[PDB]
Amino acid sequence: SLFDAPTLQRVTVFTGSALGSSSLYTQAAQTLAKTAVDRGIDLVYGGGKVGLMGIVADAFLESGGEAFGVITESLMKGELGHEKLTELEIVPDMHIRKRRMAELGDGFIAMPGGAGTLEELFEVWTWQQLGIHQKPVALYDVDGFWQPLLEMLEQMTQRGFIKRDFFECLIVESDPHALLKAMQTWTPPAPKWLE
């Protein structure tokens, strides 16, 4: 229906190819995967087998959900792709990879990661602002990991480079049930009233 948000069938997850320095990030990813599958949401992600990327894909498969990785030729030649995925799309470059992860997902989540995770997050958020998609964008704030980013965006907003209304449409939860609940009920803000 026209008044309804599309219902989330898949979520695209951005996260590190390292595990990072707390056991907690491995736990927290596992929990989200379980919650996701509980609501019949499947996973789209970058197709890796190590670090949090690997953790989250494995947790998804193990809870009995599905998992669609999208990976490049370069990465597949260097034999870095996960081998037991529901599907694994191999594409010529990093652009197409991001484009395809964004077409496949019904929403985006950023779990802890580094530069690459930021590359992906800001792109999809920018695109939301340009009207290229109207899918929700969320930060999984595991042990406050994303708090420094929020301080940075708050400062950018104050200096006038980001509209407060966009920044406030960013979902940030540390609880996974909350996170996905906000993603399901999310609607984009009316262009009619931005300020």
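Note that residue numbering follows the sequence shown and begins at 1.
Look at the C-alpha B-factors of 121-129 and of 95-103. On average they run higher in 95-103. With 182-190 and 8-16 compared on mean CA B-factor from the PDB entry, the stretch scoring higher is 182-190. In the PDB entry, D165 places in the highest third of its chain by CA B-factor.
The entry lists a Cα temperature factor for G40 that places it in the middle third of the chain's modelled residues. For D141, the recorded CA B-factor ranks within the lowest third of the chain. Only modelled residues enter the ranking.
Per the deposited record, the Cα B-factor of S63 falls in the highest third when ranked against the other modelled residues of its chain. In the deposited entry, the Cα temperature factor of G46 places it in the middle third of its chain's modelled residues.
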